[PDB]
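*Asks:* First portion of the complex, with coordinates as positioned in the assembly:
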Amino acid sequence: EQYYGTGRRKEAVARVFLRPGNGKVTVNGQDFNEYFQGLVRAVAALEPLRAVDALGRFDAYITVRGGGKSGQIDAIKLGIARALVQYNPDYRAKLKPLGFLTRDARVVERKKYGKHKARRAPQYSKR
Amino acid sequence: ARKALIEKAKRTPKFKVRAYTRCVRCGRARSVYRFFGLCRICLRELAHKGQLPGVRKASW
Amino acid sequence: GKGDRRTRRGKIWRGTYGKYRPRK
């Protein structure tokens, strides 16, 4: 009937509901290539399917909010991977290697004082 | 904080403009936060003593 | 660029609005 895995990346949350069908993916209404397109990246978000060999079997209603598109592109990579787990759990044994199930902890490092950008330190002369 | 200068307290400055803030605790003119009435130094000292309610050492 | 007072970026950077950067 339905399947749903969350998925987050660099402060981006993606709701991914996979439902048997053609394979036409929606995102905040707009078509997949409507919320993206112009972003050579995007194509990768649907890599979870391609790996397990889905695509032609699932449709997908997706919600996306928080951060930036390339981030969203990655949160969605988890949704389509976590929801795809509820479907068949024997899939986890195929996404582990690919790592599509791993949440990407990499985030913006805090801006420290004395510095200009957390690490970028001001320059000096000494003469 | 020279004394003849802590005259600031003057609801009658003559012109709202000349009305500058000062440190409630030291008289310090510069770096006088508004939420406390204190200056940048006093604010740190007291916060350390715990006398500034809620005020805590922020880290993230 | 960001230095041109009479341009979009010019206004963004200078944080203002006007003929060259209308308040919508």
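*Replies:* Perfect, I can see it now. Residues are numbered from 1 along each chain as shown, chains lettered A, B, ... in the order given.
*Asks:* wait, is residue A:84 part of a strand?
*Replies:* No - under the criterion used here (DSSP: H, G, I helix; E, B strand; the rest coil), residue A:84 is helix, not part of a strand.
*Asks:* tell me, how many neighbours does it end up with?
*Replies:* Burial of residue A:84 is recorded as 29 neighbouring residues (other CB atoms under 10 Å in any protein chain shown). Placement of C-beta: from N, CA and C, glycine included.
*Asks:* try residue A:50
*Replies:* 13.
*Asks:* List the residues that contact residue B:56.
*Replies:* Going by CB atoms under 8 Å, 6 or more residues apart in numbering or on different chains, residue B:56 touches residue B:47.
*Asks:* before we move on, what about residue B:33?
*Replies:* Contact analysis of residue B:33 by CB under 8 Å, 6+ apart lists B:39, B:40, B:43.
*Asks:* For it, which three-state class applies?
*Replies:* The three-state assignment at residue B:33 reads coil, by three-state DSSP.
*Asks:* and what of residue A:40?
*Replies:* coil.
*Asks:* Distance of it relative to residue A:70?
*Replies:* Going from residue A:40 to residue A:70 by CB to CB, to the nearest Å gives 10 Å.
*Asks:* Show me which of the two is the more surrounded one.
*Replies:* For the pair residue A:40 and residue A:70, the greater number of neighbours falls to residue A:70 (16 against 8), based on other CB under 10 Å.
*Asks:* re the thing from before, tell me the one of the contacts of residue B:33 nearest residue A:114?
*Replies:* Comparing the contacts of residue B:33 against residue A:114 with CB to CB places residue B:40 closest, at 16.7 Å.
*Asks:* can you count the residues close to that closest one?
*Replies:* If you count neighbours by other CB under 10 Å, residue B:40 ends up with 13.
*Asks:* That one: what's its closest spatial neighbour, skipping adjacent residues?
*Replies:* residue B:31 (3.6 Å; CB to CB, 6 or more residues apart in numbering or on different chains).
*Asks:* burial measure for that neighbour, as a count.
*Replies:* Other residues lying near residue B:31 total 12 when counted by other CB under 10 Å.
*Asks:* Surely it touches residue B:42?
*Replies:* No - contact criterion CB atoms under 8 Å: residue B:31 and residue B:42 do not qualify, at 9.7 Å.
*Asks:* Show me what the closest residue in space to residue A:1 that isn't next to it in sequence is bridged to.
*Replies:* Leaving aside its chain neighbours, residue A:1 sits nearest to residue A:19 (7.6 Å; criterion: CB to CB, 6+ apart). With DSSP bridges as the criterion, residue A:19 is bridged to residue A:59.
*Asks:* tack on chain D:
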Amino acid sequence: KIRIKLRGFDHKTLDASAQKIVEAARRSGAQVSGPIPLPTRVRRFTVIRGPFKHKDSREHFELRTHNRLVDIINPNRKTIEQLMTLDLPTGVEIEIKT
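*Replies:* Chain D goes in next, on the same frame as the chains above:
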């Protein structure tokens, strides 16, 4: 249906004394909208450690205001009893409407 809002600097002087104005309403009124969180209003103060120059030291200070809701559906005149004047928080402030 009484809108309740609990603000404070302590996340226990509220979160806790926010169940007293819920339990003392579970058996005297409706079911209550339970205690509702609400984001915090963190005010930061960044100051220079030393009293003269050395402007690259700083040290940070925050004064975060926590918030709570509650909301008692059905203005139960029987709930107004347990409540009214029976609590223990000293560092709290209440704002409530109908």
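*Asks:* mind redoing the contacts of residue B:33 now chain D's in there?
*Replies:* The contact partners of residue B:33, by CB under 8 Å, 6+ apart, come to B:39, B:40, B:43, D:45.
*Asks:* Remind me which helix or strand the most centrally placed residue in chain C belongs to.
*Replies:* Nearest to the geometric centre of chain C sits residue C:11, at 1.7 Å (CA atoms, centre = their mean). Assigning secondary structure by DSSP states H and E places residue C:11 in helix C:8-13.
*Asks:* Let's see that helix as CSV, backbone CA atoms only.
*Replies:* Extracted C-alpha coordinates of helix C:8-13, given in CSV (Å, rounded to 0.1, in the frame of the first residue of the first chain):
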residue,chain,number,x,y,z
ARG,C,8,20.9,45.4,-8.2
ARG,C,9,24.0,44.0,-6.5
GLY,C,10,25.0,47.6,-5.8
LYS,C,11,21.8,48.0,-3.7
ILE,C,12,21.7,44.5,-2.2
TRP,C,13,25.3,44.9,-0.9
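*Asks:* how far out from the middle of the chain is it?
*Replies:* Its chain's C-alpha centre and that of helix C:8-13 lie 3 Å apart, by CA atoms, centre = their mean, to the nearest Å.
*Asks:* related to what we said a few turns ago, can you lay out the contacts of residue B:33 as CSV showing distance to residue D:15 and secondary structure?
*Replies:* Output for the contacts of residue B:33, formatted as CSV (distance: CB to CB, whole Å; DSSP: H, G, I helix; E, B strand; the rest coil):
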residue, distance to residue D:15, secondary structure
B:39, 34, coil
B:40, 33, helix
B:43, 28, helix
D:45, 25, strand
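*Asks:* so which pair among those residues is furthest apart in space?
*Replies:* B:39 and D:45 (11.7 Å).
*Asks:* Between those two, which is the more surrounded one?
*Replies:* residue B:39 (25 against 19).
*Asks:* Report the contact partners of the more buried one.
*Replies:* Counted by CB under 8 Å, 6+ apart, residue B:39 has contacts B:22, B:23, B:25, B:26, B:28, B:29, B:30, B:31, B:32, B:33.
*Asks:* quick check, nearest of the contacts of residue B:33 to chain A?
*Replies:* Checking those against chain A with CB to the nearest CB, the nearest one is residue D:45 at 13.1 Å.
*Asks:* thought that closest one was touching residue D:59?
*Replies:* No - with contact defined as CB under 8 Å, residue D:45 does not reach residue D:59; the gap is 9.6 Å.
*Asks:* and the closest residue to chain D within chain C, helix, strand or coil?
*Replies:* Residue of chain C nearest chain D, by CB to the nearest CB: residue C:15 (22.3 Å). Counting by three-state DSSP, the backbone at residue C:15 sits in coil.
*Asks:* Also, this goes in as chain E:
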Amino acid sequence: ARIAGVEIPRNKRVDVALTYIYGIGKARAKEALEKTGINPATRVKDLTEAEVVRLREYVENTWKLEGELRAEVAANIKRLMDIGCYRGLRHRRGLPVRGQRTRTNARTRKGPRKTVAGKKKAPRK
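*Replies:* Take a look at chain E, now in place beside the chains above:
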């Protein structure tokens, strides 16, 4: 073709071209081609003798340009100086005239940098 004063723009957008005119900026250009129904995008060399006229007609009479403007500007500055105005004295010895710091910078108004001898014994760093 030749418009306002002895100047002649060429082989490139009329708006862009009109820019080579003295008192004509990029705004005055958009307006002239506007209040003269000429497509700004047309390459001057592809203008109608009729358009060139309607264009010349406007610009010529509607704004002060070329020699005319310079004579005015030159005239205003002269006045500032003649009346002992402070803003005038700045012009008197080419120094910033709009409340700008002169300890450093002010090179455009001062021109080439005329270095001299100085005290290097003290770290002027």
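*Asks:* In light of the added chain E, please revisit the neighbour count of residue B:40.
*Replies:* 19.
*Asks:* sorry, back to before: what distance do you get for the residue lying closest to the residue nearest to the centre of chain C once chain neighbours are set aside to residue C:10?
*Replies:* With sequence-adjacent residues excluded and distances taken as CB to CB, 6+ apart, residue C:11 is closest to residue C:21, at 3.4 Å. Look at residue C:21 and residue C:10: by CB to CB, they are 8 Å apart.
*Asks:* How about the residues of chain B by chain A?
*Replies:* For chain B, the contact set with chain A under CB under 8 Å from any CB of the partner chain comprises residue B:60.
*Asks:* So which residues of chain A form helices?
*Replies:* Taking DSSP state H, the helices of chain A run over residues A:32-35, A:47-52, A:69-87, A:92-98.
*Asks:* Please tabulate the ones you listed in TSV, including the columns distance to chain D.
*Replies:* TSV is the format used below for the helices of chain A (distance: least, CB to the nearest CB, whole Å):
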stretch	distance to chain D
helix A:32-35	28
helix A:47-52	33
helix A:69-87	22
helix A:92-98	33
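*Asks:* out of these, nearest to residue D:35?
*Replies:* Residue D:35 lies closest to helix A:69-87 among those, at 30.3 Å (CB to CB).
*Asks:* so the residue in chain D that chain A sits nearest to, which of the three states?
*Replies:* Chain D approaches chain A most closely through residue D:56 (3.7 Å), counting by CB to the nearest CB. Secondary structure for residue D:56, judged by three-state DSSP, is coil.
*Asks:* what's the burial count for the closest residue to it other than its chain neighbours?
*Replies:* Closest residue to residue D:56 apart from its sequence neighbours, by CB to CB, 6+ apart: residue A:114 at 3.7 Å. Look at residue A:114: counted by other CB under 10 Å, it has 10 neighbours.
*Asks:* Distance of residue A:114 relative to chain B?
*Replies:* Between residue A:114 and chain B the computed distance is 16 Å (CB to the nearest CB, to the nearest Å).
*Asks:* Just list the residues touching that residue, thanks.
*Replies:* Counting by CB under 8 Å, 6+ apart, residue A:114 touches A:121, A:122, D:56, D:57, D:58.
*Asks:* In JSON lines: those, plus neighbour count.
*Replies:* JSON lines is the format used below for the contacts of residue A:114 (neighbours: other CB atoms under 10 Å in any protein chain shown):
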{"residue": "A:121", "neighbour count": "12"}
{"residue": "A:122", "neighbour count": "8"}
{"residue": "D:56", "neighbour count": "13"}
{"residue": "D:57", "neighbour count": "12"}
{"residue": "D:58", "neighbour count": "14"}
